[PDB]
file input.cif (mmCIF, C-alpha atoms and all ligand atoms)
data_target
loop_
_atom_site.label_atom_id
_atom_site.label_comp_id
_atom_site.auth_asym_id
_atom_site.auth_seq_id
_atom_site.Cartn_x
_atom_site.Cartn_y
_atom_site.Cartn_z
CA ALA A 18 -6.73 178.96 73.91
CA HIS A 19 -9.32 178.88 71.11
CA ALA A 20 -11.36 181.17 68.88
CA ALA A 21 -15.02 182.03 69.29
CA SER A 22 -17.75 180.70 67.00
CA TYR A 23 -20.40 183.22 65.96
CA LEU A 24 -23.80 182.90 64.31
CA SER A 25 -24.99 184.83 61.26
CA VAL A 26 -28.77 184.34 61.06
CA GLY A 27 -30.27 185.69 57.85
CA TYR A 28 -33.98 186.28 57.55
CA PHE A 29 -35.27 185.92 53.99
CA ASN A 30 -38.52 187.60 52.90
CA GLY A 31 -39.78 184.84 50.63
CA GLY A 32 -43.54 184.96 51.15
CA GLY A 33 -44.01 188.72 51.51
CA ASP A 34 -43.97 191.17 54.44
CA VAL A 35 -46.42 193.92 55.42
CA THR A 36 -43.69 196.56 55.59
CA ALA A 37 -40.98 195.12 53.32
CA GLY A 38 -43.28 194.21 50.42
CA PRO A 39 -43.50 191.17 48.15
CA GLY A 40 -41.14 188.25 48.60
CA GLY A 41 -38.03 187.68 46.53
CA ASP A 42 -36.12 185.04 44.57
CA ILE A 43 -34.53 182.43 46.87
CA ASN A 44 -32.15 181.37 44.07
CA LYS A 45 -30.15 184.61 44.40
CA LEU A 46 -29.01 183.97 47.98
CA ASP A 47 -25.48 182.82 48.80
CA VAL A 48 -26.15 180.28 51.54
CA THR A 49 -22.42 179.76 52.23
CA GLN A 50 -22.27 183.20 53.93
CA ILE A 51 -24.71 182.39 56.77
CA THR A 52 -25.03 179.84 59.54
CA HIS A 53 -28.84 179.98 59.77
CA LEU A 54 -31.65 180.91 57.36
CA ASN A 55 -35.00 182.13 58.76
CA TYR A 56 -37.42 181.63 55.88
CA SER A 57 -40.22 184.21 56.31
CA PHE A 58 -43.11 183.89 56.89
CA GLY A 59 -45.60 181.32 58.01
CA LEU A 60 -48.84 182.95 59.15
CA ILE A 61 -51.46 181.87 61.70
CA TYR A 62 -55.07 181.00 60.95
CA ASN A 63 -56.99 183.23 63.32
CA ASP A 64 -60.40 184.55 64.37
CA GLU A 65 -59.45 188.22 64.83
CA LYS A 66 -62.38 190.25 63.48
CA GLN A 67 -60.08 192.81 61.81
CA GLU A 68 -58.19 190.18 59.79
CA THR A 69 -58.32 191.08 56.09
CA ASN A 70 -56.60 188.01 54.60
CA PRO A 71 -59.62 185.73 54.05
CA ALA A 72 -57.42 182.62 53.74
CA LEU A 73 -56.53 182.93 57.43
CA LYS A 74 -60.24 183.05 58.37
CA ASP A 75 -60.89 179.31 57.70
CA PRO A 76 -62.56 178.27 60.99
CA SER A 77 -61.55 174.61 60.57
CA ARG A 78 -57.81 175.40 60.82
CA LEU A 79 -57.91 177.97 63.64
CA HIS A 80 -54.55 178.31 65.47
CA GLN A 81 -52.56 176.32 62.84
CA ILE A 82 -49.80 177.62 60.56
CA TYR A 83 -50.71 178.90 57.09
CA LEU A 84 -48.16 178.47 54.28
CA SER A 85 -48.89 180.30 51.03
CA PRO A 86 -48.19 178.62 47.66
CA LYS A 87 -44.89 180.50 47.22
CA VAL A 88 -43.82 179.61 50.76
CA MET A 89 -44.50 175.92 50.07
CA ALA A 90 -42.65 176.11 46.76
CA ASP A 91 -39.60 177.75 48.35
CA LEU A 92 -39.55 175.30 51.26
CA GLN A 93 -39.43 172.38 48.80
CA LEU A 94 -36.20 173.84 47.37
CA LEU A 95 -34.34 173.53 50.70
CA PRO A 96 -32.61 170.24 49.70
CA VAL A 97 -30.92 172.16 46.86
CA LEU A 98 -29.73 174.95 49.17
CA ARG A 99 -28.40 172.41 51.66
CA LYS A 100 -26.25 170.81 48.96
CA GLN A 101 -24.43 174.14 48.62
CA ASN A 102 -23.97 174.47 52.40
CA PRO A 103 -24.47 171.17 54.27
CA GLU A 104 -23.90 172.94 57.60
CA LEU A 105 -26.73 175.41 56.99
CA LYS A 106 -29.62 175.29 59.47
CA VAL A 107 -33.01 176.38 58.12
CA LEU A 108 -35.89 177.61 60.28
CA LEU A 109 -39.38 178.77 59.41
CA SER A 110 -40.24 182.13 60.94
CA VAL A 111 -43.89 182.44 61.95
CA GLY A 112 -45.29 185.93 62.36
CA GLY A 113 -43.79 189.24 61.30
CA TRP A 114 -45.11 192.79 61.49
CA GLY A 115 -48.91 192.81 61.29
CA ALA A 116 -49.25 189.02 61.59
CA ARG A 117 -52.32 188.11 63.61
CA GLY A 118 -53.13 185.02 65.61
CA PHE A 119 -50.49 184.75 68.34
CA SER A 120 -52.62 186.15 71.18
CA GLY A 121 -55.39 183.66 70.45
CA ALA A 122 -53.04 180.76 69.73
CA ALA A 123 -51.26 181.26 73.06
CA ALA A 124 -54.38 181.84 75.18
CA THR A 125 -55.52 178.36 76.26
CA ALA A 126 -54.15 174.88 76.78
CA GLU A 127 -56.20 173.63 73.83
CA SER A 128 -55.15 176.45 71.47
CA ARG A 129 -51.47 176.06 72.34
CA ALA A 130 -51.69 172.32 71.65
CA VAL A 131 -53.14 172.93 68.17
CA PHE A 132 -50.44 175.48 67.35
CA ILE A 133 -47.64 173.23 68.62
CA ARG A 134 -48.93 170.25 66.64
CA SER A 135 -48.95 172.43 63.52
CA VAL A 136 -45.34 173.54 64.17
CA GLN A 137 -44.18 169.93 64.51
CA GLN A 138 -46.00 169.04 61.28
CA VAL A 139 -44.40 171.85 59.26
CA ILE A 140 -40.96 171.01 60.66
CA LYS A 141 -41.36 167.34 59.75
CA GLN A 142 -42.89 167.86 56.30
CA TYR A 143 -40.26 170.36 55.10
CA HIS A 144 -37.29 168.85 57.02
CA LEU A 145 -36.66 172.10 58.86
CA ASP A 146 -34.08 172.52 61.60
CA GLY A 147 -36.44 174.53 63.83
CA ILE A 148 -38.94 177.32 64.31
CA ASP A 149 -38.60 181.07 64.90
CA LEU A 150 -41.51 182.93 66.51
CA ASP A 151 -41.74 186.61 65.49
CA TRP A 152 -44.67 187.98 67.51
CA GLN A 153 -44.98 191.76 67.21
CA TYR A 154 -45.82 192.09 70.01
CA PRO A 155 -47.28 190.33 73.06
CA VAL A 156 -49.29 192.63 75.35
CA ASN A 157 -48.77 195.70 73.16
CA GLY A 158 -50.13 194.27 69.88
CA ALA A 159 -48.00 196.68 67.85
CA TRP A 160 -50.09 199.52 69.26
CA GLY A 161 -53.33 197.83 68.18
CA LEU A 162 -52.23 196.47 64.79
CA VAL A 163 -52.89 192.92 66.06
CA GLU A 164 -55.09 191.69 68.90
CA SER A 165 -53.38 191.53 72.28
CA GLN A 166 -54.01 191.25 76.01
CA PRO A 167 -51.91 191.59 79.17
CA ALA A 168 -52.15 187.80 79.64
CA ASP A 169 -49.95 187.48 76.51
CA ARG A 170 -46.78 187.86 78.58
CA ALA A 171 -47.40 184.79 80.71
CA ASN A 172 -49.06 182.90 77.83
CA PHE A 173 -45.97 183.41 75.64
CA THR A 174 -43.78 181.83 78.33
CA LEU A 175 -46.17 178.86 78.58
CA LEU A 176 -46.26 178.49 74.79
CA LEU A 177 -42.46 178.45 74.61
CA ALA A 178 -42.17 176.04 77.54
CA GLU A 179 -44.69 173.66 75.95
CA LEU A 180 -43.15 173.93 72.48
CA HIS A 181 -39.71 173.18 73.95
CA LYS A 182 -41.19 170.09 75.61
CA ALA A 183 -42.87 168.91 72.40
CA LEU A 184 -40.06 169.53 69.90
CA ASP A 185 -37.57 166.79 69.13
CA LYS A 186 -34.23 167.36 70.81
CA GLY A 187 -31.86 169.09 68.44
CA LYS A 188 -34.60 171.16 66.81
CA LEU A 189 -34.11 174.89 67.30
CA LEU A 190 -36.55 177.25 69.02
CA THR A 191 -35.84 180.96 68.62
CA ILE A 192 -37.70 184.26 68.83
CA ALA A 193 -37.36 187.85 67.64
CA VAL A 194 -37.86 190.66 70.17
CA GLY A 195 -38.42 194.36 69.69
CA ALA A 196 -36.18 197.35 70.29
CA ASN A 197 -38.75 199.20 72.44
CA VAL A 198 -37.73 199.51 76.10
CA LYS A 199 -41.21 198.29 77.08
CA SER A 200 -40.49 194.89 75.52
CA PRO A 201 -38.28 193.50 78.33
CA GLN A 202 -40.07 195.67 80.91
CA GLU A 203 -43.70 194.81 80.14
CA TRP A 204 -44.26 192.64 77.07
CA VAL A 205 -41.91 189.64 77.38
CA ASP A 206 -40.62 187.76 80.45
CA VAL A 207 -37.06 187.49 79.15
CA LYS A 208 -35.68 185.73 82.24
CA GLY A 209 -38.50 183.18 82.26
CA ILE A 210 -38.28 182.30 78.57
CA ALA A 211 -34.47 182.16 78.28
CA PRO A 212 -34.14 178.47 79.38
CA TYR A 213 -36.31 177.39 76.42
CA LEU A 214 -34.54 179.31 73.64
CA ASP A 215 -31.47 178.41 71.61
CA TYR A 216 -30.90 182.13 70.92
CA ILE A 217 -32.79 185.42 70.71
CA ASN A 218 -32.79 187.74 67.69
CA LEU A 219 -32.77 191.43 68.73
CA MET A 220 -34.58 193.64 66.18
CA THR A 221 -32.08 196.50 66.68
CA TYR A 222 -33.44 198.62 63.82
CA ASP A 223 -36.56 200.59 62.80
CA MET A 224 -35.50 203.52 64.98
CA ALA A 225 -36.12 206.27 62.36
CA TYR A 226 -39.43 207.34 63.91
CA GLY A 227 -40.64 210.33 65.89
CA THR A 228 -37.81 212.82 66.38
CA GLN A 229 -34.97 210.38 65.55
CA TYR A 230 -33.05 210.64 62.25
CA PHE A 231 -31.21 207.30 62.29
CA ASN A 232 -32.75 203.89 61.63
CA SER A 233 -30.02 201.58 62.95
CA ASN A 234 -27.29 203.70 64.59
CA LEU A 235 -24.99 201.74 66.89
CA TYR A 236 -24.63 204.74 69.27
CA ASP A 237 -26.41 208.09 69.49
CA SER A 238 -25.63 210.73 66.88
CA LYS A 239 -24.44 214.11 68.11
CA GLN A 240 -24.43 215.95 64.77
CA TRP A 241 -28.04 214.79 64.13
CA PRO A 242 -29.47 214.37 67.63
CA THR A 243 -32.83 212.91 68.56
CA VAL A 244 -34.95 215.45 70.44
CA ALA A 245 -37.56 213.53 72.48
CA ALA A 246 -36.22 211.17 75.14
CA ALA A 247 -38.81 208.49 74.31
CA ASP A 248 -37.47 208.36 70.72
CA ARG A 249 -33.75 208.21 71.61
CA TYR A 250 -32.67 204.72 70.53
CA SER A 251 -29.51 202.98 69.38
CA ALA A 252 -28.52 199.36 68.91
CA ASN A 253 -26.22 199.62 71.95
CA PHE A 254 -29.00 201.12 74.11
CA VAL A 255 -31.27 198.21 73.15
CA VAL A 256 -28.61 195.61 73.99
CA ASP A 257 -27.97 197.20 77.38
CA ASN A 258 -31.70 197.25 78.17
CA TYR A 259 -31.94 193.50 77.49
CA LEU A 260 -28.80 192.82 79.53
CA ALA A 261 -30.24 194.85 82.42
CA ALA A 262 -33.34 192.62 82.18
CA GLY A 263 -31.21 189.54 82.86
CA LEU A 264 -30.31 188.09 79.47
CA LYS A 265 -26.76 186.90 79.00
CA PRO A 266 -24.89 188.32 76.00
CA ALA A 267 -24.02 184.94 74.48
CA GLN A 268 -27.70 184.13 73.92
CA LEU A 269 -28.30 187.29 71.86
CA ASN A 270 -27.90 188.03 68.16
CA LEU A 271 -27.56 191.68 67.18
CA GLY A 272 -30.01 192.46 64.39
CA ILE A 273 -28.61 194.31 61.38
CA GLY A 274 -30.79 196.02 58.78
CA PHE A 275 -30.01 195.43 55.09
CA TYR A 276 -32.17 198.47 54.34
CA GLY A 277 -32.75 202.08 55.31
CA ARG A 278 -35.67 204.32 56.22
CA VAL A 279 -36.49 207.92 55.40
CA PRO A 280 -37.05 209.32 58.92
CA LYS A 281 -40.59 210.28 59.84
CA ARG A 282 -39.06 213.57 61.05
CA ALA A 283 -38.62 214.54 57.38
CA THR A 284 -42.36 214.51 56.62
CA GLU A 285 -44.29 214.58 59.93
CA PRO A 286 -44.07 216.83 63.00
CA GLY A 287 -42.31 215.22 65.95
CA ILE A 288 -44.04 215.27 69.34
CA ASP A 289 -42.35 215.00 72.75
CA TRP A 290 -45.07 213.57 74.97
CA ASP A 291 -42.94 214.19 78.10
CA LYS A 292 -42.86 217.94 77.44
CA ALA A 293 -44.09 219.80 80.51
CA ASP A 294 -45.64 222.49 78.26
CA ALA A 295 -47.93 221.12 75.54
CA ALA A 296 -47.70 224.52 73.80
CA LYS A 297 -44.10 223.68 72.85
CA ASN A 298 -45.18 220.70 70.70
CA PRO A 299 -44.31 219.84 68.04
CA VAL A 300 -40.63 219.86 68.97
CA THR A 301 -39.57 219.06 65.38
CA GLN A 302 -41.12 220.13 62.07
CA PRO A 303 -40.93 218.40 58.67
CA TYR A 304 -38.13 219.60 56.41
CA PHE A 305 -39.10 217.85 53.16
CA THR A 306 -41.08 220.02 50.78
CA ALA A 307 -43.25 218.60 48.01
CA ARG A 308 -40.14 218.55 45.81
CA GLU A 309 -38.28 216.09 48.03
CA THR A 310 -41.27 213.82 48.64
CA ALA A 311 -41.88 213.76 44.87
CA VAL A 312 -38.35 212.47 44.25
CA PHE A 313 -39.05 209.47 46.47
CA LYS A 314 -42.56 208.95 45.10
CA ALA A 315 -41.16 208.73 41.56
CA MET A 316 -38.85 205.94 42.76
CA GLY A 317 -41.86 204.06 44.14
CA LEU A 318 -41.58 205.21 47.77
CA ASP A 319 -44.84 206.89 48.87
CA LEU A 320 -43.77 208.56 52.11
CA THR A 321 -47.40 208.93 53.18
CA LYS A 322 -47.57 205.11 53.62
CA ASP A 323 -44.08 203.72 54.27
CA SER A 324 -40.41 204.64 54.50
CA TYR A 325 -38.63 201.29 53.89
CA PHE A 326 -35.89 201.25 51.21
CA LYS A 327 -34.02 198.02 50.40
CA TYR A 328 -30.22 198.32 50.47
CA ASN A 329 -29.93 197.11 46.87
CA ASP A 330 -32.35 199.91 45.92
CA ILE A 331 -30.32 202.45 47.96
CA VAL A 332 -27.27 201.46 45.91
CA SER A 333 -28.97 201.45 42.51
CA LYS A 334 -31.37 204.40 42.90
CA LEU A 335 -29.76 206.73 45.47
CA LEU A 336 -25.97 206.24 45.52
CA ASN A 337 -25.94 205.75 41.75
CA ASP A 338 -28.73 208.24 40.94
CA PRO A 339 -27.80 209.51 37.45
CA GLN A 340 -28.70 213.08 38.50
CA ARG A 341 -26.35 212.81 41.52
CA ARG A 342 -29.03 214.17 43.87
CA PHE A 343 -27.81 212.28 46.98
CA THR A 344 -24.53 212.80 48.84
CA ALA A 345 -23.22 210.05 51.10
CA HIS A 346 -21.81 210.87 54.54
CA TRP A 347 -20.49 209.03 57.60
CA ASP A 348 -21.67 209.75 61.15
CA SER A 349 -18.62 208.99 63.27
CA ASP A 350 -20.56 208.87 66.54
CA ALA A 351 -23.49 206.77 65.26
CA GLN A 352 -21.12 204.57 63.18
CA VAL A 353 -23.48 204.38 60.17
CA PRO A 354 -23.73 206.08 56.77
CA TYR A 355 -26.48 208.43 55.70
CA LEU A 356 -27.48 210.41 52.62
CA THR A 357 -28.45 214.05 52.21
CA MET A 358 -30.24 215.83 49.40
CA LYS A 359 -30.12 219.55 48.67
CA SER A 360 -33.02 221.82 49.52
CA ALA A 361 -33.98 224.74 47.30
CA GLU A 362 -31.87 226.90 49.64
CA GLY A 363 -28.97 224.54 48.98
CA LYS A 364 -29.16 223.29 52.57
CA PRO A 365 -28.38 219.58 53.12
CA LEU A 366 -31.50 217.63 54.11
CA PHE A 367 -31.14 214.33 55.98
CA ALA A 368 -32.71 211.85 53.55
CA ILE A 369 -32.05 208.30 54.82
CA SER A 370 -29.67 206.28 56.99
CA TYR A 371 -28.73 202.67 56.27
CA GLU A 372 -25.91 200.13 56.66
CA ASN A 373 -22.91 199.75 54.35
CA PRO A 374 -19.98 197.25 54.56
CA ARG A 375 -18.06 199.57 56.92
CA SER A 376 -20.95 199.90 59.38
CA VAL A 377 -21.75 196.17 59.21
CA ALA A 378 -18.12 195.46 60.09
CA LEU A 379 -18.36 197.86 63.04
CA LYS A 380 -21.46 196.06 64.30
CA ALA A 381 -19.55 192.80 64.03
CA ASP A 382 -16.76 194.44 66.10
CA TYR A 383 -19.38 195.29 68.74
CA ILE A 384 -20.64 191.68 68.72
CA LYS A 385 -17.12 190.37 69.28
CA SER A 386 -16.24 193.01 71.90
CA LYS A 387 -19.48 192.64 73.88
CA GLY A 388 -19.50 188.84 73.77
CA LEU A 389 -22.76 188.47 71.87
CA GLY A 390 -23.55 185.14 70.24
CA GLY A 391 -23.70 186.48 66.70
CA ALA A 392 -25.55 188.62 64.18
CA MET A 393 -28.99 188.43 62.65
CA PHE A 394 -30.12 190.37 59.59
CA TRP A 395 -33.31 191.50 57.87
CA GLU A 396 -33.21 190.44 55.12
CA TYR A 397 -31.17 188.54 52.56
CA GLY A 398 -33.28 189.47 49.51
CA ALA A 399 -32.41 193.15 50.02
CA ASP A 400 -28.62 192.64 49.92
CA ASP A 401 -26.64 193.97 46.94
CA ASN A 402 -24.97 190.95 45.30
CA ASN A 403 -24.69 189.34 48.76
CA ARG A 404 -22.14 192.00 49.78
CA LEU A 405 -23.41 192.87 53.28
CA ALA A 406 -23.85 189.19 54.16
CA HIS A 407 -20.33 188.57 52.89
CA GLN A 408 -18.93 191.37 55.04
CA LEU A 409 -20.64 189.91 58.09
CA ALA A 410 -19.27 186.45 57.27
CA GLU A 411 -15.72 187.80 56.94
CA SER A 412 -15.89 189.91 60.11
CA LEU A 413 -17.35 187.05 62.18
CA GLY A 414 -15.18 184.27 60.74
CA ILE A 415 -18.21 182.27 59.56
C1 LIG B 501 -37.84 202.01 69.06
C2 LIG B 501 -39.23 201.57 68.60
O1 LIG B 501 -39.94 200.95 69.32
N1 LIG B 501 -39.67 201.93 67.26
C3 LIG B 501 -41.02 201.53 66.75
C4 LIG B 501 -40.77 200.66 65.55
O2 LIG B 501 -40.22 199.38 65.99
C5 LIG B 501 -41.99 200.41 64.69
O3 LIG B 501 -41.75 199.85 63.45
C6 LIG B 501 -41.90 198.51 63.27
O4 LIG B 501 -40.76 197.81 63.94
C7 LIG B 501 -40.78 196.36 63.72
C8 LIG B 501 -39.53 195.82 64.37
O5 LIG B 501 -39.73 195.92 65.77
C9 LIG B 501 -40.82 196.01 62.22
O6 LIG B 501 -40.99 194.59 62.06
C10 LIG B 501 -41.93 196.72 61.51
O7 LIG B 501 -41.80 196.50 60.07
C11 LIG B 501 -41.99 198.19 61.78
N2 LIG B 501 -43.29 198.72 61.29
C12 LIG B 501 -43.33 199.81 60.33
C13 LIG B 501 -44.69 200.34 59.85
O8 LIG B 501 -42.31 200.27 59.91
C14 LIG B 501 -42.77 201.70 64.42
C15 LIG B 501 -44.07 201.39 63.73
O9 LIG B 501 -45.12 201.41 64.66
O10 LIG B 501 -43.07 202.42 65.67
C16 LIG B 501 -41.81 202.78 66.40
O11 LIG B 501 -42.16 203.49 67.51
CL CL B 502 -21.75 203.58 50.85
#
call {"tool": "encode", "arguments": {"input": "input.cif", "output": "structure tokens", "more": "lines below"}}
Ligand SMILES: CC(=O)N[C@@H]1[C@@H](O)[C@H](O[C@@H]2O[C@H](CO)[C@@H](O)[C@H](O)[C@H]2NC(C)=O)[C@@H](CO)O[C@H]1O
Ligand SMILES: [Cl-]
result
Amino acid sequence: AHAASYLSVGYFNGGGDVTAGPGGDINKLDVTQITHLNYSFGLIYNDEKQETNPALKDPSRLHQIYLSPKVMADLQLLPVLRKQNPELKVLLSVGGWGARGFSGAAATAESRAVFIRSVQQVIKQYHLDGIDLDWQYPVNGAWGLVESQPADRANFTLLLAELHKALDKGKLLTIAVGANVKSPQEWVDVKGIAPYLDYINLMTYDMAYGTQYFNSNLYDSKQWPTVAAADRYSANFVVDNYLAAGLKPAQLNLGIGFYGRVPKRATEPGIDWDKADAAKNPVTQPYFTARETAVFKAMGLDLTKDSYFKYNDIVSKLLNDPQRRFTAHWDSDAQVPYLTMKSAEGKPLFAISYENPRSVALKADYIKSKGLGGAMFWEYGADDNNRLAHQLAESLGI
């Protein structure tokens, strides 16, 4: 009798990100192509002994939200953006990869109250529509990158329950959750937190690790198969794991990456920790020689430290490389594009996978077919003349 209404939630790296690098220019975004903007990131003043940002170490603001000068400046421009799209909803995202402070902020009644008061303050001062919590990750701590404890799982539920109670009705409360299967199994009580959340952003990307070639494949590749079971991920696999945990599809946004990654398999041996015979590890070996790593290093990508490549840089530096070193291909099973470069032998070497307009449209088709609530994307500053966001808007009828 009537058509569906989908979300398109665009993260924007405005203040800087540990993996994605310095923040970008908010004036370049087309805010008519999205329903929600997650401005990223607020940080958390914390007492973690390994914290290296001294501004977060101010003991008199422990557990409150830190906004850098650029973040404050961008947030003051929101009235201008709203004039271009009066329906736009703007949230502040607190956290991100490597962001400390959540475990301590969630731990006690007193600490949660300080954090919640700070959220309300930031929402009121900048006239925000709500708050997105991007904790990577409760319990696991991103494998020790941030402090964590097993009590984080129950403390996160209490923090969300108490924030939902404190926030004015009509303000939004959302979270991002990881692709790892252990997230719904061990880190986050998805069934217990669902009543408090307007929607949940699934980070269905960053899969190009271990023995897996693809960073954001919708389904598993067969031409370029992942070897170790513990590395075998796809956006669909992640969705099904969250559904099996008890989330309803309409509450979920499928995360879409406006970037690619050079797979770790290209430069580091891949280990299958479930191998019965340890003598058979590593099960994959690097296939980049110094020549290939030097190509990326000259473009500013040091593969010894990171593998993230913005989509607009894929277009300008790889697709349109003057020397024509990269050939684009389509993986019909994975439903995403990828690039190869030629080895000395003339053998094609899998260089990077990413998302193009075709693959974004196919992820929108999945959203519509599976009954998900919408799309989310990381991140708007990495789009190429707003083209991927525009494709999502067209495919979802935004
Ligand atoms: C399937 C899986 O769990 N892959 C892990 C990756 O998620 C992870 O990368 C990190 O993923 C976050 C999203 O969940 C990103 O916010 C973050 O930028 C990214 N970190 C880096 C350095 O790329 C990697 C890193 O530990 O491990 C995989 O196993
Ligand atoms: Cl392309």
call {"tool": "atom_distance", "arguments": {"input": "input.cif", "atom1": "atom CA of residue A:152", "atom2": "atom CA of residue A:261"}}
result
21.9 Å
call {"tool": "closest_residue", "arguments": {"input": "input.cif", "among": "A:338, A:203, A:151, A:185", "to": "ligand LIG 501 (chain B)", "atoms": "all atoms listed in the file"}}
result
A:151
call {"tool": "residues_near_point", "arguments": {"input": "input.cif", "point": "(-54.8, 182.7, 60.4)", "cutoff": "8 Å", "atoms": "all atoms listed in the file", "output": "ChimeraX atom specification"}}
result
/A:60-64,72-75,78-83,117-118
call {"tool": "residues_around", "arguments": {"input": "input.cif", "residues": "residue A:316", "least_positions_apart": "6", "cutoff": "10 Å", "atoms": "all atoms listed in the file", "output": "VMD selection string"}}
result
chain A and resid 330 334 to 335
call {"tool": "write_last_selection", "arguments": {"input": "input.cif", "atoms": "C-alpha atoms", "output": "PDB file, keeping the file's coordinate frame"}}
result
ATOM      1  CA  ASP A 330     -32.350 199.910  45.920  1.00  0.00           C
ATOM      2  CA  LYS A 334     -31.370 204.400  42.900  1.00  0.00           C
ATOM      3  CA  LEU A 335     -29.760 206.730  45.470  1.00  0.00           C
TER       4      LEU A 335
END
call {"tool": "residues_near_ligand", "arguments": {"input": "input.cif", "ligand": "ligand LIG 501 (chain B)", "cutoff": "10 Å", "atoms": "only C-alpha atoms and all ligand atoms", "output": "PyMOL selection string"}}
result
chain A and resi 34-37+112-116+151-154+159-162+193-200+219-227+229+232-233+247-252+255+278+281+322-325+395
call {"tool": "write_last_selection", "arguments": {"input": "input.cif", "atoms": "C-alpha atoms", "output": "mmCIF file, in the coordinates of the input"}}
result
data_model
loop_
_atom_site.group_PDB
_atom_site.id
_atom_site.type_symbol
_atom_site.label_atom_id
_atom_site.label_comp_id
_atom_site.auth_asym_id
_atom_site.auth_seq_id
_atom_site.Cartn_x
_atom_site.Cartn_y
_atom_site.Cartn_z
ATOM 1 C CA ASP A 34 -43.970 191.170 54.440
ATOM 2 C CA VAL A 35 -46.420 193.920 55.420
ATOM 3 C CA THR A 36 -43.690 196.560 55.590
ATOM 4 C CA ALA A 37 -40.980 195.120 53.320
ATOM 5 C CA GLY A 112 -45.290 185.930 62.360
ATOM 6 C CA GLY A 113 -43.790 189.240 61.300
ATOM 7 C CA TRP A 114 -45.110 192.790 61.490
ATOM 8 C CA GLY A 115 -48.910 192.810 61.290
ATOM 9 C CA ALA A 116 -49.250 189.020 61.590
ATOM 10 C CA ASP A 151 -41.740 186.610 65.490
ATOM 11 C CA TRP A 152 -44.670 187.980 67.510
ATOM 12 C CA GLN A 153 -44.980 191.760 67.210
ATOM 13 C CA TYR A 154 -45.820 192.090 70.010
ATOM 14 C CA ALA A 159 -48.000 196.680 67.850
ATOM 15 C CA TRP A 160 -50.090 199.520 69.260
ATOM 16 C CA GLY A 161 -53.330 197.830 68.180
ATOM 17 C CA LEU A 162 -52.230 196.470 64.790
ATOM 18 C CA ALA A 193 -37.360 187.850 67.640
ATOM 19 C CA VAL A 194 -37.860 190.660 70.170
ATOM 20 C CA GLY A 195 -38.420 194.360 69.690
ATOM 21 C CA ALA A 196 -36.180 197.350 70.290
ATOM 22 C CA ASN A 197 -38.750 199.200 72.440
ATOM 23 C CA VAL A 198 -37.730 199.510 76.100
ATOM 24 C CA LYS A 199 -41.210 198.290 77.080
ATOM 25 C CA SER A 200 -40.490 194.890 75.520
ATOM 26 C CA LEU A 219 -32.770 191.430 68.730
ATOM 27 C CA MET A 220 -34.580 193.640 66.180
ATOM 28 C CA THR A 221 -32.080 196.500 66.680
ATOM 29 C CA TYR A 222 -33.440 198.620 63.820
ATOM 30 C CA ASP A 223 -36.560 200.590 62.800
ATOM 31 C CA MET A 224 -35.500 203.520 64.980
ATOM 32 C CA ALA A 225 -36.120 206.270 62.360
ATOM 33 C CA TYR A 226 -39.430 207.340 63.910
ATOM 34 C CA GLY A 227 -40.640 210.330 65.890
ATOM 35 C CA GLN A 229 -34.970 210.380 65.550
ATOM 36 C CA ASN A 232 -32.750 203.890 61.630
ATOM 37 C CA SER A 233 -30.020 201.580 62.950
ATOM 38 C CA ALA A 247 -38.810 208.490 74.310
ATOM 39 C CA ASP A 248 -37.470 208.360 70.720
ATOM 40 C CA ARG A 249 -33.750 208.210 71.610
ATOM 41 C CA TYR A 250 -32.670 204.720 70.530
ATOM 42 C CA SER A 251 -29.510 202.980 69.380
ATOM 43 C CA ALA A 252 -28.520 199.360 68.910
ATOM 44 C CA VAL A 255 -31.270 198.210 73.150
ATOM 45 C CA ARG A 278 -35.670 204.320 56.220
ATOM 46 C CA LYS A 281 -40.590 210.280 59.840
ATOM 47 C CA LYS A 322 -47.570 205.110 53.620
ATOM 48 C CA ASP A 323 -44.080 203.720 54.270
ATOM 49 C CA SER A 324 -40.410 204.640 54.500
ATOM 50 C CA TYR A 325 -38.630 201.290 53.890
ATOM 51 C CA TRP A 395 -33.310 191.500 57.870
#
call {"tool": "closest_residue", "arguments": {"input": "input.cif", "among": "A:105, A:163, A:300, A:393", "to": "residue A:282", "atoms": "only C-alpha atoms"}}
result
A:300
call {"tool": "atom_distance", "arguments": {"input": "input.cif", "atom1": "atom CA of residue A:170", "atom2": "atom CA of residue A:65"}}
result
18.7 Å
call {"tool": "residues_near_ligand", "arguments": {"input": "input.cif", "ligand": "ligand CL 502 (chain B)", "cutoff": "8 Å", "atoms": "all atoms listed in the file", "output": "list in words"}}
result
residues 332, 336, 345, 354, 372, 373 and 374 of chain A
call {"tool": "atom_distance", "arguments": {"input": "input.cif", "atom1": "atom CA of residue A:253", "atom2": "atom CA of residue A:109"}}
result
27.7 Å
call {"tool": "residues_around", "arguments": {"input": "input.cif", "residues": "residue A:180", "least_positions_apart": "4", "cutoff": "10 Å", "atoms": "all atoms listed in the file", "output": "PyMOL selection string"}}
result
chain A and resi 129-130+132-134+136-137+148+174-176+184-185+190+213
call {"tool": "closest_residue", "arguments": {"input": "input.cif", "among": "A:364, A:106, A:346, A:359", "to": "residue A:55", "atoms": "only C-alpha atoms"}}
result
A:106
call {"tool": "closest_residue", "arguments": {"input": "input.cif", "among": "A:294, A:210, A:397, A:52", "to": "residue A:22", "atoms": "only C-alpha atoms"}}
result
A:52
call {"tool": "residues_around", "arguments": {"input": "input.cif", "residues": "residue A:214", "least_positions_apart": "2", "cutoff": "12 Å", "atoms": "all atoms listed in the file", "output": "number ranges by chain"}}
result
A: 147-150, 174, 176-182, 184, 187-193, 207-212, 216-218, 264, 267-269
